[PDB]
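Heads up, entry-v1.pdb below (PDB, C-alpha atoms and all ligand atoms):
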```pdb
MODEL        1
ATOM      1  CA  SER A  42     -76.891 113.962  51.556
ATOM      2  CA  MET A  43     -76.347 117.053  53.753
ATOM      3  CA  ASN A  44     -72.932 118.652  54.315
ATOM      4  CA  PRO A  45     -71.250 118.156  57.714
ATOM      5  CA  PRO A  46     -70.318 121.247  59.798
ATOM      6  CA  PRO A  47     -66.984 122.796  58.675
ATOM      7  CA  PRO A  48     -63.823 121.595  60.508
ATOM      8  CA  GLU A  49     -63.194 123.459  63.815
ATOM      9  CA  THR A  50     -61.057 126.571  63.146
ATOM     10  CA  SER A  51     -61.246 128.186  66.642
ATOM     11  CA  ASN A  52     -61.173 126.872  70.255
ATOM     12  CA  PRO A  53     -60.629 129.342  73.137
ATOM     13  CA  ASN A  54     -59.546 126.467  75.447
ATOM     14  CA  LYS A  55     -56.538 125.616  73.188
ATOM     15  CA  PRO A  56     -53.195 127.245  74.033
ATOM     16  CA  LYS A  57     -51.718 129.800  71.627
ATOM     17  CA  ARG A  58     -48.120 130.490  70.607
ATOM     18  CA  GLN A  59     -46.220 132.029  67.698
ATOM     19  CA  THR A  60     -43.263 130.368  66.008
ATOM     20  CA  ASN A  61     -41.104 131.238  62.977
ATOM     21  CA  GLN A  62     -42.401 128.005  61.321
ATOM     22  CA  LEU A  63     -46.120 128.792  61.755
ATOM     23  CA  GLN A  64     -45.512 132.320  60.376
ATOM     24  CA  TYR A  65     -43.698 130.809  57.343
ATOM     25  CA  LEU A  66     -46.640 128.419  56.779
ATOM     26  CA  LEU A  67     -49.139 131.269  56.451
ATOM     27  CA  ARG A  68     -46.941 134.081  54.971
ATOM     28  CA  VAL A  69     -45.078 131.863  52.461
ATOM     29  CA  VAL A  70     -46.702 128.385  51.994
ATOM     30  CA  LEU A  71     -50.417 129.437  52.192
ATOM     31  CA  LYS A  72     -49.818 132.678  50.213
ATOM     32  CA  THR A  73     -48.045 130.789  47.360
ATOM     33  CA  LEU A  74     -50.677 128.045  47.107
ATOM     34  CA  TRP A  75     -53.726 130.374  47.418
ATOM     35  CA  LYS A  76     -52.816 132.508  44.337
ATOM     36  CA  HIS A  77     -51.976 129.476  42.100
ATOM     37  CA  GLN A  78     -54.310 128.990  39.088
ATOM     38  CA  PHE A  79     -55.349 125.462  40.250
ATOM     39  CA  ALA A  80     -56.167 126.512  43.848
ATOM     40  CA  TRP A  81     -59.845 127.496  43.425
ATOM     41  CA  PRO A  82     -61.415 123.997  44.211
ATOM     42  CA  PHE A  83     -59.295 123.756  47.390
ATOM     43  CA  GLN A  84     -59.981 127.258  48.882
ATOM     44  CA  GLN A  85     -63.107 126.175  50.789
ATOM     45  CA  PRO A  86     -64.690 122.958  52.178
ATOM     46  CA  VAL A  87     -66.034 120.483  49.576
ATOM     47  CA  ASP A  88     -69.686 121.461  49.200
ATOM     48  CA  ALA A  89     -71.212 118.071  48.442
ATOM     49  CA  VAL A  90     -74.677 119.612  47.984
ATOM     50  CA  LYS A  91     -73.745 122.432  45.565
ATOM     51  CA  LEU A  92     -71.259 120.204  43.673
ATOM     52  CA  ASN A  93     -73.782 117.261  43.525
ATOM     53  CA  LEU A  94     -71.492 114.640  45.113
ATOM     54  CA  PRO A  95     -73.989 112.623  47.249
ATOM     55  CA  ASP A  96     -71.378 110.022  48.239
ATOM     56  CA  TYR A  97     -68.520 112.465  49.060
ATOM     57  CA  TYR A  98     -69.031 112.486  52.840
ATOM     58  CA  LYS A  99     -69.543 108.649  52.782
ATOM     59  CA  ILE A 100     -65.976 108.108  51.353
ATOM     60  CA  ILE A 101     -64.223 111.096  52.963
ATOM     61  CA  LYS A 102     -64.448 111.111  56.769
ATOM     62  CA  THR A 103     -61.603 113.640  57.410
ATOM     63  CA  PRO A 104     -62.483 116.592  55.062
ATOM     64  CA  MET A 105     -59.874 119.374  54.697
ATOM     65  CA  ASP A 106     -59.246 122.518  52.603
ATOM     66  CA  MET A 107     -57.006 125.656  52.353
ATOM     67  CA  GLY A 108     -59.808 127.888  53.680
ATOM     68  CA  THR A 109     -59.974 125.892  56.932
ATOM     69  CA  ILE A 110     -56.112 125.651  57.039
ATOM     70  CA  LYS A 111     -55.831 129.472  56.642
ATOM     71  CA  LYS A 112     -58.584 130.171  59.269
ATOM     72  CA  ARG A 113     -56.808 127.766  61.705
ATOM     73  CA  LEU A 114     -53.495 129.598  61.065
ATOM     74  CA  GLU A 115     -55.123 133.057  61.613
ATOM     75  CA  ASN A 116     -56.852 131.907  64.853
ATOM     76  CA  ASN A 117     -53.531 130.460  66.249
ATOM     77  CA  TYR A 118     -55.305 127.037  66.265
ATOM     78  CA  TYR A 119     -52.062 125.134  65.440
ATOM     79  CA  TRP A 120     -49.377 124.577  68.125
ATOM     80  CA  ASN A 121     -47.012 122.510  65.932
ATOM     81  CA  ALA A 122     -46.239 123.236  62.224
ATOM     82  CA  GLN A 123     -46.686 119.430  61.615
ATOM     83  CA  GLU A 124     -50.423 119.788  62.410
ATOM     84  CA  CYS A 125     -50.752 122.206  59.460
ATOM     85  CA  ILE A 126     -48.578 120.006  57.205
ATOM     86  CA  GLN A 127     -50.797 116.975  58.008
ATOM     87  CA  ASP A 128     -53.871 119.093  57.121
ATOM     88  CA  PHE A 129     -52.428 119.900  53.657
ATOM     89  CA  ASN A 130     -51.608 116.201  53.118
ATOM     90  CA  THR A 131     -55.149 115.232  54.196
ATOM     91  CA  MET A 132     -56.599 117.721  51.636
ATOM     92  CA  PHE A 133     -54.419 116.265  48.818
ATOM     93  CA  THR A 134     -55.007 112.621  49.928
ATOM     94  CA  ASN A 135     -58.817 113.167  50.121
ATOM     95  CA  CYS A 136     -58.747 114.351  46.470
ATOM     96  CA  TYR A 137     -56.781 111.298  45.302
ATOM     97  CA  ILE A 138     -59.141 108.938  47.225
ATOM     98  CA  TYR A 139     -62.483 110.346  46.047
ATOM     99  CA  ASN A 140     -61.292 110.967  42.458
ATOM    100  CA  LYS A 141     -59.342 108.881  39.844
ATOM    101  CA  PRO A 142     -55.787 109.260  38.448
ATOM    102  CA  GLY A 143     -55.676 111.449  35.320
ATOM    103  CA  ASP A 144     -58.766 113.452  36.385
ATOM    104  CA  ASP A 145     -58.470 117.240  35.946
ATOM    105  CA  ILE A 146     -59.117 117.758  39.703
ATOM    106  CA  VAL A 147     -56.337 115.223  40.560
ATOM    107  CA  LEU A 148     -53.890 116.971  38.140
ATOM    108  CA  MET A 149     -54.664 120.302  39.897
ATOM    109  CA  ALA A 150     -54.072 118.753  43.364
ATOM    110  CA  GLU A 151     -50.791 117.188  42.068
ATOM    111  CA  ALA A 152     -49.477 120.590  40.949
ATOM    112  CA  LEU A 153     -50.483 122.251  44.270
ATOM    113  CA  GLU A 154     -48.818 119.311  46.124
ATOM    114  CA  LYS A 155     -45.557 119.722  44.165
ATOM    115  CA  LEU A 156     -45.585 123.475  44.932
ATOM    116  CA  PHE A 157     -46.267 122.584  48.624
ATOM    117  CA  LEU A 158     -43.469 119.938  48.895
ATOM    118  CA  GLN A 159     -40.897 122.444  47.548
ATOM    119  CA  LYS A 160     -41.987 125.014  50.201
ATOM    120  CA  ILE A 161     -41.714 122.487  53.081
ATOM    121  CA  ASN A 162     -38.125 121.631  51.991
ATOM    122  CA  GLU A 163     -37.245 125.313  52.722
ATOM    123  CA  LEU A 164     -39.106 125.412  56.111
ATOM    124  CA  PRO A 165     -36.859 127.408  58.482
ATOM    125  CA  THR A 166     -35.221 125.847  61.578
ATOM    126  CA  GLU A 167     -37.256 126.089  64.870
ATOM    127  CA  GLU A 168     -36.532 128.925  67.342
TER     128      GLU A 168
HETATM  129  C1  LIG B   1     -64.540 115.921  44.736
HETATM  130  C2  LIG B   1     -64.218 117.412  44.602
HETATM  131  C3  LIG B   1     -62.861 117.735  45.239
HETATM  132  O1  LIG B   1     -61.987 116.695  45.588
HETATM  133  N1  LIG B   1     -62.533 119.079  45.469
HETATM  134  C4  LIG B   1     -61.250 119.355  46.106
HETATM  135  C5  LIG B   1     -63.299 120.189  45.147
HETATM  136  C6  LIG B   1     -64.105 120.311  44.093
HETATM  137  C7  LIG B   1     -64.241 119.356  42.994
HETATM  138  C8  LIG B   1     -64.267 119.866  41.694
HETATM  139  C9  LIG B   1     -64.335 119.005  40.607
HETATM  140  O2  LIG B   1     -64.401 119.415  39.299
HETATM  141  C10 LIG B   1     -63.910 120.717  38.959
HETATM  142  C11 LIG B   1     -63.817 120.732  37.465
HETATM  143  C12 LIG B   1     -62.513 120.181  36.986
HETATM  144  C13 LIG B   1     -61.392 121.144  37.281
HETATM  145  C14 LIG B   1     -61.248 122.213  36.234
HETATM  146  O3  LIG B   1     -60.744 121.578  35.048
HETATM  147  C15 LIG B   1     -60.929 122.209  33.842
HETATM  148  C16 LIG B   1     -60.847 121.396  32.726
HETATM  149  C17 LIG B   1     -61.006 121.946  31.469
HETATM  150  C18 LIG B   1     -61.217 123.311  31.298
HETATM  151  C19 LIG B   1     -61.308 124.134  32.431
HETATM  152  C20 LIG B   1     -61.150 123.570  33.700
HETATM  153  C21 LIG B   1     -61.609 125.561  32.358
HETATM  154  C22 LIG B   1     -62.491 126.121  31.532
HETATM  155  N2  LIG B   1     -63.274 125.447  30.605
HETATM  156  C23 LIG B   1     -64.650 125.912  30.479
HETATM  157  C24 LIG B   1     -62.860 124.388  29.782
HETATM  158  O4  LIG B   1     -63.692 123.729  28.861
HETATM  159  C25 LIG B   1     -61.406 123.934  29.921
HETATM  160  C26 LIG B   1     -61.032 123.039  28.738
HETATM  161  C27 LIG B   1     -64.410 117.635  40.799
HETATM  162  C28 LIG B   1     -64.369 117.123  42.078
HETATM  163  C29 LIG B   1     -64.285 117.958  43.186
ENDMDL
END
```
Any chance you could give the structure as structure tokens?
Amino acid sequence: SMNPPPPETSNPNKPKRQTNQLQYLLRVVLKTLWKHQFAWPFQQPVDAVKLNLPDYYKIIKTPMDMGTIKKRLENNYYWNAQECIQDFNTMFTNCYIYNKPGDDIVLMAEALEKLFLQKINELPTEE
């Protein structure tokens, strides 16, 4: 019934590094998706209490959102760009699992996902 704590976005024990790929993920990928018209339901953790979804955290065991993804990227929480890419996939996949095809929320996740897959095709080469 209650919401779980938000996903961890900061750990001082984790090593930090900056890469051209992680910078692209926040400056290009995150910035493009955030401003999109369908982004609003994905900009923060699913609030199962305020949205009245009592079974959400019974179906979804790996919650994810762009707010958490952006906080992780600002805190230097990701070491590999693939960790961030998996997080975006998990957010899209959670939406498709909890909801049904043809739903307005699924059509919004599908458009964000198409915008995301185009950006990852142009992900610069490691340095
Ligand atoms: C599980 C959870 C979920 O998976 N996530 C990610 C988060 C939240 C969420 C949000 C959900 O619902 C949001 C509402 C549906 C999206 C907006 O779609 C429409 C459709 C029609 C209109 C408008 C918007 C706009 C203006 N008005 C007033 C209109 O009448 C027009 C015609 C459902 C599920 C989740």
Checklist line | Evaluate the PyMOL selection byres (((chain A and resi 100-107) around 6) and not hetatm) and report residues as a PyMOL selection string | finding: chain A and resi 83-86+97-99+108-111+132
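Around ligand LIG 1 (chain B), the neighbouring residues within 7 Å, taking all atoms listed in the file, come to residues 82, 83, 87, 97, 135, 136, 139, 140, 145 and 146 of chain A.
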Notebook entry, point to check: Care to translate the PyMOL selection byres (((chain A and resi 160) around 10) and not hetatm) into actual residues of this file, as JSON, numbers by chain?
Noted result: {"A": [65, 66, 69, 70, 71, 73, 74, 154, 155, 156, 157, 158, 159, 161, 162, 163, 164]}
Distance table requested - segment 42-79 of chain A against segment 122-128 of chain A, cut-off 12 Å, all atoms listed in the file: one row per qualifying residue with the closest atom pair and its distance in Å to one decimal, ordered by chain and rising residue number, as a tab-separated table.
```
residue	atom	partner	partner_atom	distance
A:48	CA	A:128	CA	10.8
A:50	CA	A:125	CA	11.8
A:58	CA	A:122	CA	11.2
A:59	CA	A:122	CA	10.4
A:60	CA	A:122	CA	8.6
A:61	CA	A:122	CA	9.5
A:62	CA	A:122	CA	6.2
A:63	CA	A:122	CA	5.6
A:64	CA	A:122	CA	9.3
A:65	CA	A:122	CA	9.4
A:66	CA	A:122	CA	7.5
A:67	CA	A:125	CA	9.7
A:70	CA	A:126	CA	10.0
A:71	CA	A:125	CA	10.3
```
Translate the PyMOL selection byres (((chain A and resi 116) around 9) and not hetatm), as applied to the file shown, into an explicit residue set as a short mmCIF file (atom, residue, chain, number, x, y, z; two decimals) with C-alpha atoms, in the coordinates of the input.
```cif
data_model
loop_
_atom_site.label_atom_id
_atom_site.label_comp_id
_atom_site.auth_asym_id
_atom_site.auth_seq_id
_atom_site.Cartn_x
_atom_site.Cartn_y
_atom_site.Cartn_z
CA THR A 50 -61.06 126.57 63.15
CA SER A 51 -61.25 128.19 66.64
CA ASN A 52 -61.17 126.87 70.26
CA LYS A 57 -51.72 129.80 71.63
CA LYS A 111 -55.83 129.47 56.64
CA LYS A 112 -58.58 130.17 59.27
CA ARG A 113 -56.81 127.77 61.70
CA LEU A 114 -53.50 129.60 61.06
CA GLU A 115 -55.12 133.06 61.61
CA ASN A 117 -53.53 130.46 66.25
CA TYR A 118 -55.30 127.04 66.26
CA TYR A 119 -52.06 125.13 65.44
#
```
Notebook entry, point to check: Just how far from atom CA of residue 130 of chain A is atom CA of residue 165 of chain A, in Å to one decimal?
Noted result: 19.3 Å
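Atom CA of residue 95 of chain A sits 5.4 Å away from atom CA of residue 42 of chain A.
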Could you add whatever atoms are missing so that segment 99-125 of chain A carries N, CA, C and O atoms, then write the result as a PDB file, keeping the file's coordinate frame?
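Saved file out_23.pdb follows:
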```pdb
ATOM      1  N   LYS A  99     -69.426 110.081  52.509  1.00  0.00           N
ATOM      2  CA  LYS A  99     -69.543 108.649  52.782  1.00  0.00           C
ATOM      3  C   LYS A  99     -68.181 107.975  52.542  1.00  0.00           C
ATOM      4  O   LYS A  99     -67.929 106.909  53.095  1.00  0.00           O
ATOM      5  N   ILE A 100     -67.312 108.579  51.688  1.00  0.00           N
ATOM      6  CA  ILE A 100     -65.976 108.108  51.353  1.00  0.00           C
ATOM      7  C   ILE A 100     -64.960 108.886  52.179  1.00  0.00           C
ATOM      8  O   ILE A 100     -64.082 108.292  52.801  1.00  0.00           O
ATOM      9  N   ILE A 101     -65.116 110.216  52.229  1.00  0.00           N
ATOM     10  CA  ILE A 101     -64.223 111.096  52.963  1.00  0.00           C
ATOM     11  C   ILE A 101     -64.767 111.403  54.344  1.00  0.00           C
ATOM     12  O   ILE A 101     -65.813 112.043  54.483  1.00  0.00           O
ATOM     13  N   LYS A 102     -64.059 110.915  55.376  1.00  0.00           N
ATOM     14  CA  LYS A 102     -64.448 111.111  56.769  1.00  0.00           C
ATOM     15  C   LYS A 102     -63.606 112.176  57.476  1.00  0.00           C
ATOM     16  O   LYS A 102     -63.975 112.607  58.562  1.00  0.00           O
ATOM     17  N   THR A 103     -62.488 112.618  56.859  1.00  0.00           N
ATOM     18  CA  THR A 103     -61.603 113.640  57.410  1.00  0.00           C
ATOM     19  C   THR A 103     -61.501 114.785  56.380  1.00  0.00           C
ATOM     20  O   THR A 103     -60.432 114.976  55.801  1.00  0.00           O
ATOM     21  N   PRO A 104     -62.595 115.523  56.074  1.00  0.00           N
ATOM     22  CA  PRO A 104     -62.483 116.592  55.062  1.00  0.00           C
ATOM     23  C   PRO A 104     -61.505 117.701  55.446  1.00  0.00           C
ATOM     24  O   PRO A 104     -61.386 118.027  56.626  1.00  0.00           O
ATOM     25  N   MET A 105     -60.806 118.279  54.454  1.00  0.00           N
ATOM     26  CA  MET A 105     -59.874 119.374  54.697  1.00  0.00           C
ATOM     27  C   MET A 105     -59.719 120.263  53.471  1.00  0.00           C
ATOM     28  O   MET A 105     -59.859 119.787  52.352  1.00  0.00           O
ATOM     29  N   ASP A 106     -59.425 121.555  53.683  1.00  0.00           N
ATOM     30  CA  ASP A 106     -59.246 122.518  52.603  1.00  0.00           C
ATOM     31  C   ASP A 106     -58.352 123.701  53.041  1.00  0.00           C
ATOM     32  O   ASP A 106     -58.139 123.903  54.236  1.00  0.00           O
ATOM     33  N   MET A 107     -57.868 124.504  52.080  1.00  0.00           N
ATOM     34  CA  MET A 107     -57.006 125.656  52.353  1.00  0.00           C
ATOM     35  C   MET A 107     -57.692 126.799  53.099  1.00  0.00           C
ATOM     36  O   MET A 107     -57.010 127.601  53.734  1.00  0.00           O
ATOM     37  N   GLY A 108     -59.016 126.881  52.984  1.00  0.00           N
ATOM     38  CA  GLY A 108     -59.808 127.888  53.680  1.00  0.00           C
ATOM     39  C   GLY A 108     -59.778 127.617  55.167  1.00  0.00           C
ATOM     40  O   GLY A 108     -59.472 128.509  55.954  1.00  0.00           O
ATOM     41  N   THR A 109     -60.036 126.358  55.551  1.00  0.00           N
ATOM     42  CA  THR A 109     -59.974 125.892  56.932  1.00  0.00           C
ATOM     43  C   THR A 109     -58.531 126.022  57.447  1.00  0.00           C
ATOM     44  O   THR A 109     -58.332 126.581  58.518  1.00  0.00           O
ATOM     45  N   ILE A 110     -57.528 125.554  56.675  1.00  0.00           N
ATOM     46  CA  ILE A 110     -56.112 125.651  57.039  1.00  0.00           C
ATOM     47  C   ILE A 110     -55.716 127.110  57.333  1.00  0.00           C
ATOM     48  O   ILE A 110     -55.060 127.370  58.337  1.00  0.00           O
ATOM     49  N   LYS A 111     -56.125 128.056  56.464  1.00  0.00           N
ATOM     50  CA  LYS A 111     -55.831 129.472  56.642  1.00  0.00           C
ATOM     51  C   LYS A 111     -56.542 130.052  57.858  1.00  0.00           C
ATOM     52  O   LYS A 111     -55.892 130.757  58.624  1.00  0.00           O
ATOM     53  N   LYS A 112     -57.843 129.729  58.075  1.00  0.00           N
ATOM     54  CA  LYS A 112     -58.584 130.171  59.269  1.00  0.00           C
ATOM     55  C   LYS A 112     -57.922 129.636  60.565  1.00  0.00           C
ATOM     56  O   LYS A 112     -57.757 130.388  61.528  1.00  0.00           O
ATOM     57  N   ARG A 113     -57.480 128.366  60.558  1.00  0.00           N
ATOM     58  CA  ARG A 113     -56.808 127.766  61.705  1.00  0.00           C
ATOM     59  C   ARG A 113     -55.505 128.506  62.009  1.00  0.00           C
ATOM     60  O   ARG A 113     -55.210 128.778  63.169  1.00  0.00           O
ATOM     61  N   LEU A 114     -54.753 128.871  60.954  1.00  0.00           N
ATOM     62  CA  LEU A 114     -53.495 129.598  61.065  1.00  0.00           C
ATOM     63  C   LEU A 114     -53.692 131.046  61.531  1.00  0.00           C
ATOM     64  O   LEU A 114     -52.796 131.598  62.173  1.00  0.00           O
ATOM     65  N   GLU A 115     -54.828 131.679  61.185  1.00  0.00           N
ATOM     66  CA  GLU A 115     -55.123 133.057  61.613  1.00  0.00           C
ATOM     67  C   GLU A 115     -55.608 133.088  63.079  1.00  0.00           C
ATOM     68  O   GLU A 115     -55.350 134.041  63.806  1.00  0.00           O
ATOM     69  N   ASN A 116     -56.331 132.042  63.498  1.00  0.00           N
ATOM     70  CA  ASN A 116     -56.852 131.907  64.853  1.00  0.00           C
ATOM     71  C   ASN A 116     -55.815 131.391  65.855  1.00  0.00           C
ATOM     72  O   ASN A 116     -56.174 131.216  67.016  1.00  0.00           O
ATOM     73  N   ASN A 117     -54.571 131.080  65.416  1.00  0.00           N
ATOM     74  CA  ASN A 117     -53.531 130.460  66.249  1.00  0.00           C
ATOM     75  C   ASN A 117     -53.983 129.095  66.793  1.00  0.00           C
ATOM     76  O   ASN A 117     -53.607 128.706  67.894  1.00  0.00           O
ATOM     77  N   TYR A 118     -54.756 128.357  65.979  1.00  0.00           N
ATOM     78  CA  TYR A 118     -55.305 127.037  66.265  1.00  0.00           C
ATOM     79  C   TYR A 118     -54.211 125.966  66.279  1.00  0.00           C
ATOM     80  O   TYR A 118     -54.317 125.009  67.041  1.00  0.00           O
ATOM     81  N   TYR A 119     -53.151 126.122  65.457  1.00  0.00           N
ATOM     82  CA  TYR A 119     -52.062 125.134  65.440  1.00  0.00           C
ATOM     83  C   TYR A 119     -50.966 125.489  66.437  1.00  0.00           C
ATOM     84  O   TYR A 119     -50.539 126.652  66.509  1.00  0.00           O
ATOM     85  N   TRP A 120     -50.472 124.467  67.161  1.00  0.00           N
ATOM     86  CA  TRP A 120     -49.377 124.577  68.125  1.00  0.00           C
ATOM     87  C   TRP A 120     -48.094 124.153  67.426  1.00  0.00           C
ATOM     88  O   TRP A 120     -47.080 124.834  67.547  1.00  0.00           O
ATOM     89  N   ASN A 121     -48.142 123.034  66.681  1.00  0.00           N
ATOM     90  CA  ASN A 121     -47.012 122.510  65.932  1.00  0.00           C
ATOM     91  C   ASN A 121     -47.257 122.706  64.436  1.00  0.00           C
ATOM     92  O   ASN A 121     -48.376 122.492  63.967  1.00  0.00           O
ATOM     93  N   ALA A 122     -46.200 123.073  63.681  1.00  0.00           N
ATOM     94  CA  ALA A 122     -46.239 123.236  62.224  1.00  0.00           C
ATOM     95  C   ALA A 122     -46.687 121.929  61.521  1.00  0.00           C
ATOM     96  O   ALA A 122     -47.360 121.985  60.494  1.00  0.00           O
ATOM     97  N   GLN A 123     -46.335 120.766  62.105  1.00  0.00           N
ATOM     98  CA  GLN A 123     -46.686 119.430  61.615  1.00  0.00           C
ATOM     99  C   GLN A 123     -48.198 119.236  61.548  1.00  0.00           C
ATOM    100  O   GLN A 123     -48.665 118.542  60.663  1.00  0.00           O
ATOM    101  N   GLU A 124     -48.965 119.872  62.441  1.00  0.00           N
ATOM    102  CA  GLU A 124     -50.423 119.788  62.410  1.00  0.00           C
ATOM    103  C   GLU A 124     -50.970 120.409  61.129  1.00  0.00           C
ATOM    104  O   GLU A 124     -51.935 119.897  60.566  1.00  0.00           O
ATOM    105  N   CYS A 125     -50.364 121.521  60.682  1.00  0.00           N
ATOM    106  CA  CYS A 125     -50.752 122.206  59.460  1.00  0.00           C
ATOM    107  C   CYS A 125     -50.310 121.398  58.243  1.00  0.00           C
ATOM    108  O   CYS A 125     -51.061 121.286  57.277  1.00  0.00           O
TER     109      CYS A 125
END
```
